[PDB]
Structures are given as structure tokens and as C-alpha cells.
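Asks: Take this sequence and fold it.
(2 chains, ligands or ions: 6)
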Protein chains: 2
Amino acid sequence: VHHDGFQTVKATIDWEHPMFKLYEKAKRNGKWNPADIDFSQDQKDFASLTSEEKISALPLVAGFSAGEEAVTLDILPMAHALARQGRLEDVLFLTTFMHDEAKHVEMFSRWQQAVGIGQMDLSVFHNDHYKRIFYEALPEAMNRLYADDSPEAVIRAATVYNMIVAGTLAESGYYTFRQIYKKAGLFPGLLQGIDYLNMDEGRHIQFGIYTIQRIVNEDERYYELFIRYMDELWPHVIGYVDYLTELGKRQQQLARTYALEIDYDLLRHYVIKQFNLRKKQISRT
Amino acid sequence: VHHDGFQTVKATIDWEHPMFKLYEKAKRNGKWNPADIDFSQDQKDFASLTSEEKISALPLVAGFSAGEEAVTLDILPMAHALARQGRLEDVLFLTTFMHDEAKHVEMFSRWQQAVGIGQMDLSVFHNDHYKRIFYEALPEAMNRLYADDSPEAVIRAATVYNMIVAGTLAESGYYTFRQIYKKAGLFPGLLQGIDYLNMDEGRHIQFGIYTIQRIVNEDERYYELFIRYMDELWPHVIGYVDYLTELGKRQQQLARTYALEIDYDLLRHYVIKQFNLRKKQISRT
Ligand SMILES: CCCCCCCCCCCCCCCC(=O)O
Ligand SMILES: CCCCCCCCCCCCCCCC(=O)O
Ligand SMILES: [Fe+3]
Ligand SMILES: [Fe+3]
Ligand SMILES: [Fe+3]
Ligand SMILES: [Fe+3]
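Replies: Numbers count the residues shown, from 1 in each chain, chains lettered A, B, ... in the order given. Ligands and ions are numbered 1, 2, ... in the order given. What follows is the structure:
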């Protein structure tokens, strides 16, 4: 379907638009290249580990690698729906969002290659709860936007990505990675990558907040919908946390060896503090 | 529609894939930031010009600003269709393609702002030929790919963007800009931007070639279709060149003042040499 004009021909970019200023920040803080990370110490770290120590890390990497790959694939219809609405500055920023996520895919995959598990299918650490979120709910809500770009649809997609997948699971995964492998002194390259990812992530979450708020600002029913969709997914969020927790408890070798007082009941509550504060971040007026 | 697995969980990125290697090159050669370009000399250059000298440059800027904006908006469905086919490395690269184009939009718009024409609607330098290409044929062929991602559809979209809009009009516009304002010593910031754009453009065109060839490599009927779609658009390509040419001839002030032996019958043939060599770039086997 045709264009009925071009904003930068009729006029200019809206230089004061929040998403244009988020875009400017993204060019300035998003120059990191996964190809420049040195994973060699990570290769030795992983080899030194016993088989059962090796398993300790793989479930978390598996959730991240599918997660990054899913968001790289699924964000495209959201960028397209905002394009079609003529929200040019949103689109400019989303280009950085998408390049970020592609770097995220690349980072974890280079790590898997370098530590020697590239040939290994980590699909087995995705339980049904995880599948529900990443294999189903994320692509469903995003792809919807081809045929139905209503505020209700935009709210739902922004919630699924920005406030659950990223704002809850991803952020908790950054925290879990530090609480564990930063302490044991393991996987320096991976944790460098995690740092970069966490910095990128702040812009991603801010885009989701800006999106969700601007729709709630029109009509407050949409605050209710926001919350309803958050809560509708929480059981699958926590069912995946419990699944991963029950895995670390039954594979204590890495914690024992590297003398980690690994507190799963605290990671868990961090997930809850993340989920609840994402709700807080959306003002109802 | 769901995911049936993730490549970087089952396996890894295909590190030897051409589009992964194009992606690596894009991160390394695509760090330029339009916000760092100094347009101040351009502001003085544009002010010094007489009204009729001012008009000389605006038609070319108008075609570029709509063009960049159009490709930023319209490439999204191609990235989505390749995502859905599971061509992960294509998608990784397309993220750089899209960020590039967003920088392209930004560059020309910052220039318009800085030289003082942001408030001016340059839609009047788009004739019906130009509209046919950029307002209609480009979004049509790209958007098709939501519902019809057949090789015939992918060939057509890659041809419209990579071998006409970019491979013919954009490249000739880089050449026209040097032949004119590089000679007169005008608009240093703009021409810096044009240089960067031209470097980016080489990856864009290579993606279109790789796309078109990989489909022709299956079945040779698609070489015929490639050519048929090129030629089907040429009348609108040249009708826009003639339109812009007939404008420079009737506004000789800028050429007279800055003593430019501006040869439109040579720019024109450059357009023809660009169009014909894009055809050459697609081997039929
Ligand atoms: C045992 C405590 C569990 C801690 C929670 C760990 C969750 C793993 C994270 C995987 C999901 C990654 C989603 C990426 C989102 C993005 O790229 O924006
Ligand atoms: C008088 C001689 C005419 C010379 C031809 C000039 C054509 C102007 C270019 C405008 C189209 C720009 C398309 C951008 C494509 C891209 O960003 O890949
Ligand atoms: Fe990410
Ligand atoms: Fe993210
Ligand atoms: Fe461009
Ligand atoms: Fe281009």
C-alpha cells in the first residue's frame, strides 16, 4: 500500500521526539561488537570444568540464545506497524533495537562456538512454560500487528516483549549471571557480553515504557489491559524460574567447587521484584 | 505463528554464510554518525546562494530524502519474510541495512534543517514517474511479501530496491552530487554524508545481488523475470532523470555562477551505464 507523502520531504524529523533522542543515545552507546570479545579464557574455563559443572551454565545460556533469536525475529512486525502509522522516529530507534538484538544473538552464539558446545542442542532446557512464552506468545502478539495494529494489540505486544521477556526474564538473567559466574570468576568474555547486553537493554525497556504509556495516556482502560496481560503471563514466567531453579539445586557441583553460596530463593524474588516494578513503571495517567 | 526451534540453540550461526560475512563488514564499516557531521559551512554556502541558485540543489535532495525514508519504511517486510524462512544470517545483516537507511534519512534531514529549508515541502520536485517508483512500486513489491514470499516475489522486491532504487537511481545520485557540488566546492558536510552513504550502499547492493542470484541459481526462468522487472521500471527511472535534467537546464544560475561545465547528457548516460551493469551483475547460471 502506497505512501501519501514523506515526513523528511514535507518537513523534517521531529528532533525533540523521545524516540529520536533514544535513537541518538543508541548510536552513541551501541558501538560494541561481539566479534571483538575475547572468549579464549572462557574456552579454558569451560574445559577445566567437570561434565556436571559444565551443565550448570547451559540452561541459562539456552534461554538467552532462544530469547535473543526470538526477539530478533519477532520485533519486525512491530517495527512495520509503527512504520505504517507514520511514527518515523519510533522506526529510526527500532533499527538500533533490532541491530542490538542481532548482536545479542551473535554474542551468545560465539560463546557457544568458542567453549565447544555449538554442536549441542540445548532445546532440552526449554520446558513447556518457556515454550509458551518464547515459542508461542511472543510471535503471536507481534505477528498480530500485521492485521490488527489497534492500541490493544500494541499494548499487548509491548508488554510481552518489554515488560516480560526483557523487563523481567532478561534483566533477572543478567542478575543471575553476575550472582554466579562473576563470583566464581568464570567466563570473563561471556560476562563482558552480558554487561553490554544489559546496557542495550535499558533503551529496549524505555521504548516499551514509552509505547505502553502513550497508549494508556489516551484511555485508561488500557492500564487495566497492561496489568491483565502481565499477570496472564506470570505463571509461565515463574514456572520457568522454578524449572531452572530445580535444575541448579540438583546440579550443585559448580556451586560446591567454586564455593558459591548460590541462593535460588533470592534470584527468584529478584524475578518478582523485576516483574512488579515493571508494573510500577507504567503510570495510569 | 509459532517457532519450531531456534538455530542458535540447536546449533550456531552459520559463520561462513555470505550474509554473515556482509554483516561483519557492516559493523566494521558502519560506525559513522550523521549527528557528527558539521553542516555549518553548508549553512553559509546555502545562504550565500541566490534564490535561483538555492533551487538548483533542492530537487536532488528531495528525491534522496523520500528515497531514504521509503526504504527505511519498506524494507521491513523483506526482513520479515526472510526471518520467516529461517534465513537467520540474512536477517542479522538486514539489521545493519535498516540502521544504515535510518542514518541516511537522518543525514539529509539534518542538512535540510541546518541550511534552513526544513519548513519547505519539497514534494513538488517528485513528478509522476518518481511517484510511480517510490510512492507505489517499492511499497507494493515489499509489502507483497507478507502474503506471498515466493521466489518470484523475492526476486521482484530485490530488483525494485537493489537494482533500480539503489543500484541505479541512488548510485547515479552520488555521481551527480560529486560532478556538481564537489566541483563548485559547495556543501562540504552534505558531500561527506554522501560519501558515507555511498560506502554503505555497496553492502546494500551486494545483498540484493546475493538474493537475486540465489533464486536464479535454482531455476533460470527467474533470470528472465529479473530482466523483465528491470526493464518494466526503466521508463519511470528515465522519465525522472529527464524531469530532473530539464530542471537543471532551466535553472542554470548555479552552474553559471560556480562556472560548472555541467553535462546533463553525461549524467544521463551514467544512469544508463548503472542500469545496464546491474543486469550484468546477475549471472544467469
Ligand atoms: C534460577 C533463577 C532464574 C533467573 C532467570 C533467568 C532467565 C533467563 C533469560 C532468558 C530470556 C532472555 C530474553 C532476551 C530479551 C531481549 O533480548 O530483549
Ligand atoms: C540529472 C541527472 C539525474 C541523476 C539521478 C539522481 C537521482 C536522485 C536519487 C534519489 C533516489 C534515492 C534512493 C535511495 C536508495 C537507498 O537508500 O538505498
Ligand atoms: Fe537482547
Ligand atoms: Fe532486548
Ligand atoms: Fe540509503
Ligand atoms: Fe540503500
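Asks: What residue in the stretch 51-200 of chain A comes nearest to ligand 1?
Replies: Ligand 1 sits closest to residue A:67 of the stretch 51-200 of chain A, with a gap of 2.7 Å, by C-beta to the nearest ligand atom. No exception for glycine: its C-beta is placed from N, CA and C like everyone else's.
Asks: What is the burial count for that residue?
Replies: 25 (other C-beta atoms under 10 Å in any protein chain shown).
Asks: Would you mind measuring from residue A:188 to chain B?
Replies: To chain B, residue A:188 is 20 Å away according to C-beta to the nearest C-beta, to the nearest Å.
Asks: hang on, that residue packs against residue A:41?
Replies: Yes. Counting by C-beta atoms under 8 Å, residue A:188 sits close enough to residue A:41 to count as a contact (5.2 Å).
Asks: Okay, and the residue of the stretch 51-200 of chain A closest to ligand 1 sits in which element?
Replies: The secondary structure element spanning residue A:67 is helix A:51-74 (assigned by DSSP states H and E).
Asks: Can you confirm whether that helix lies near chain B?
Replies: Yes. Contact of helix A:51-74 with chain B is found when judged by C-beta under 8 Å from any C-beta of the partner chain, involving A:62, A:65-66, A:68-70, A:72-73.
Asks: how about the residues of the stretch 1-150 of chain A near ligand 3?
Replies: A:68, A:101, A:104 (C-beta under 5 Å from the ion).
Asks: any chance of these in TSV, plus neighbour count?
Replies: What follows is these, written out as TSV (neighbours: other C-beta atoms under 10 Å in any protein chain shown):
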residue	neighbour count
A:68	25
A:101	26
A:104	26
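Asks: Could I get the residues of helix A:51-74 next to chain B in JSON lines, plus columns for distance to residue B:169?
Replies: JSON lines is the format used below for those (distance: C-beta to C-beta, whole Å):
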{"residue": "A:62", "distance to residue B:169": "46"}
{"residue": "A:65", "distance to residue B:169": "40"}
{"residue": "A:66", "distance to residue B:169": "41"}
{"residue": "A:68", "distance to residue B:169": "36"}
{"residue": "A:69", "distance to residue B:169": "35"}
{"residue": "A:70", "distance to residue B:169": "36"}
{"residue": "A:72", "distance to residue B:169": "30"}
{"residue": "A:73", "distance to residue B:169": "31"}
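Asks: What is the nearest of the residues you listed to ligand 5?
Replies: Nearest to ligand 5, judged by C-beta to the ion, of the residues of helix A:51-74 next to chain B is residue A:72 at 21.9 Å.
Asks: OK, contacts around the closest one?
Replies: Counting by C-beta atoms under 8 Å, 6 or more residues apart in numbering or on different chains, residue A:72 touches A:98, A:101-102, A:104-105, B:83, B:88, B:91-92, B:95.
Asks: Dump those to TSV, plus distance to residue B:124.
Replies: Compiled in TSV, those are given as follows (distance: C-beta to C-beta, whole Å):
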residue	distance to residue B:124
A:98	34
A:101	40
A:102	39
A:104	44
A:105	44
B:83	38
B:88	43
B:91	38
B:92	40
B:95	35
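Asks: Mind checking which of the residues you listed are in helices?
Replies: Secondary structure assignment (DSSP state H) places A:98, A:101-102, A:104-105, B:83, B:88, B:91-92, B:95 from the contacts of residue A:72 within helices.
Asks: coming back round to it: just send the residues of the stretch 1-150 of chain A next to ligand 3 back as JSON lines, with distance to residue A:128 too.
Replies: Written out in JSON lines, the entries for those read as follows (distance: C-beta to C-beta, whole Å):
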{"residue": "A:68", "distance to residue A:128": "21"}
{"residue": "A:101", "distance to residue A:128": "25"}
{"residue": "A:104", "distance to residue A:128": "24"}
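Asks: and of those, the nearest to residue B:128?
Replies: Comparing those against residue B:128 with C-beta to C-beta picks out residue A:101 as the nearest, at 39.9 Å.
Asks: which residues does the closest one contact?
Replies: With contact set as C-beta under 8 Å, 6+ apart, residue A:101 has these partners: A:68, A:71-72, A:75, B:95.
Asks: Give me the spatial nearest neighbour of it, chain neighbours excluded.
Replies: Nearest-residue entry for residue A:101: residue A:72, 4.4 Å, with adjacent residues in sequence omitted and distances by C-beta to C-beta, 6 or more residues apart in numbering or on different chains.
Asks: Pull the number of nearby residues for the closest residue to ligand 5 within the stretch 101-250 of chain A.
Replies: Sorted by distance to ligand 5 under C-beta to the ion, the residues of the stretch 101-250 of chain A start with residue A:102, at 19.1 Å. When neighbours are defined as other C-beta under 10 Å, residue A:102 has 26 of them.
Asks: so it touches residue B:88, yeah?
Replies: No. Using C-beta under 8 Å, residue A:102 is not in contact with residue B:88; the gap is 9.3 Å.
Asks: mind checking which helix or strand residue A:218 is in?
Replies: Of the helices and strands defined by DSSP H and E, none includes residue A:218.
Asks: which residues touch it?
Replies: residue A:151.
Asks: Could you measure from it over to residue A:285?
Replies: Relative to residue A:285, residue A:218 is positioned 11 Å away (C-beta to C-beta, to the nearest Å).
Asks: residues contacting the residue of the stretch 101-250 of chain A found nearest ligand 4?
Replies: With C-beta to the ion as the measure, the residue in the stretch 101-250 of chain A that lies nearest ligand 4 is residue A:204; the distance is 3.7 Å. Applying C-beta under 8 Å, 6+ apart, one finds that residue A:204 lies in contact with A:97, A:100, A:162, A:166.
Asks: before we move on, what about residue A:141?
Replies: By C-beta under 8 Å, 6+ apart, the contact list for residue A:141 reads A:153, A:156-157, A:160-161.
Asks: With residue A:40 instead?
Replies: If you count contacts by C-beta under 8 Å, 6+ apart, residue A:40 has them with A:114, A:189.
Asks: Go again with 10 Å.
Replies: Listed by C-beta atoms under 10 Å, 6 or more residues apart in numbering or on different chains, the contact partners of residue A:40 are A:114, A:188-189.
Asks: ditto for residue A:53
Replies: Contacts of residue A:53 (C-beta under 10 Å, 6+ apart): A:45-46, A:184, A:186, A:251-258.
Asks: okay, those in CSV with neighbour count, distance to ligand 2 and secondary structure next?
Replies: Listed next are the contacts of residue A:53 as CSV, based on neighbours: other C-beta atoms under 10 Å in any protein chain shown; distance: C-beta to the nearest ligand atom, whole Å; DSSP: H, G, I helix; E, B strand; the rest coil:
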residue, neighbour count, distance to ligand 2, secondary structure
A:45, 21, 44, helix
A:46, 22, 43, helix
A:184, 17, 48, helix
A:186, 22, 45, coil
A:251, 18, 51, coil
A:252, 14, 55, coil
A:253, 15, 54, helix
A:254, 22, 49, helix
A:255, 19, 53, helix
A:256, 12, 57, helix
A:257, 15, 54, helix
A:258, 17, 51, coil
